[PDB]
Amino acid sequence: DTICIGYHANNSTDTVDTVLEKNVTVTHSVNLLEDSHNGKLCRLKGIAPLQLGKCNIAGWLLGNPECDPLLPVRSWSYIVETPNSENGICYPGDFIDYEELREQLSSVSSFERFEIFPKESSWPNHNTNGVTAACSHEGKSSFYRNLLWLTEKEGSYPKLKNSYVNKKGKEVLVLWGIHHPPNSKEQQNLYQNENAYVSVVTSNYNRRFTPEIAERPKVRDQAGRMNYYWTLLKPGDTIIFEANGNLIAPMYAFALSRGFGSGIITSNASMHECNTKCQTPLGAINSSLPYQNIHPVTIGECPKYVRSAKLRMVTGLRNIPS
């Protein structure tokens, strides 16, 4: 008569690493590293992303005519730029503090596009019909949907002064541009004053702009430039535009709401009818495990990104069926 003390074995082929020994086959184990994704862009906590299509941030804000227009009001959980954004700034020049604007838009949850300065009504005695071939649409020369190229009318450019009081109860994002012609002949033919200036003020913003005429190497077949500027007009505050030339005026502006947990990602994937708590540029992860090796960029509630190929904890025993 005999009794024996022993331990469990089974048919598991799980392996784990330890300090003293690699590749130990064990009976029961737990994986801590998520490495799978679904290849799709998904809703995040029920809210769809803002997909910019053929545009980048700059092209959507300025109103590039090549990009399909969006509904006047959008809400989103994160913004998706495509890697091959061909449509952005179409008239060459510099977007000032562009990178800080992106960072601001990373915490915006919603916009409402609205006509801040109605076209035929805000700049009397000035031409508003200017277009260019650098910003073409359906072959024809066109212009930014959100801005307006004000030019001379009947051989004069009178000094203008317009202003907007923000009663939207949310920050308003105002964008404008400043044109720089390549020679003083075109400066006269367009704004009739060689010593033009533009002035833009709010309670807290204060900047003045001067034409800088010089020949420049052609970009998109243009020897002049157009710089672009922006400010966030606080609720109740007033923005005043004053100029006697060279101003690319605001026509449409954005009332903005703030949010949490949003972001901008660049992604090759497509939107699908799916929902997730965690989004990467490659696809959505479910978020039960503590680590993930799929992407360092994440939106939402996500595991922590690590370079590991394997993170497996043993729970059972050294498996010896011999």
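For the two forms, the rigid core is made up of the largest set of C-alpha atoms that agree within 1.5 Å on superposition. From 1 onward, residues are counted along the sequence shown.
Farther on average from this form in 8 other deposited structures of this protein lies stretch 70-78, the comparison being between 238-246 and 70-78 by RMS Cα distance after core superposition. Stretch 81-89 is the one, of 81-89 and 172-180, whose CA positions lie farther from the shown form in 8 other deposited structures of this protein once all structures are superposed by the rigid core. Look at the C-alpha B-factors of 231-239 and of 86-94. On average they run higher in 86-94. Annotation for 272-280 versus 22-30: the higher mean temperature factor (C-alpha) is found in 22-30. Across 138, 171, 112, 115, the entry's maximum B-factor at the CA atom is seen for 138.
Of the candidates 189, 166, 107, 204, the PDB record gives 189 the highest C-alpha temperature factor. In the deposited entry, the Cα temperature factor of residue 292 sits in the bottom third of values across the chain's modelled residues. When all modelled residues of the chain are sorted by CA temperature factor, residue 286 is found within the highest third.
When the modelled residues of the chain are ordered by C-alpha B-factor, residue 258 sits in the middle third. In this PDB entry, the Cα temperature factor of residue 128 sits in the middle third of its chain's modelled residues. In this PDB entry, the Cα temperature factor of residue 146 sits in the bottom third of its chain's modelled residues, the lowest group.
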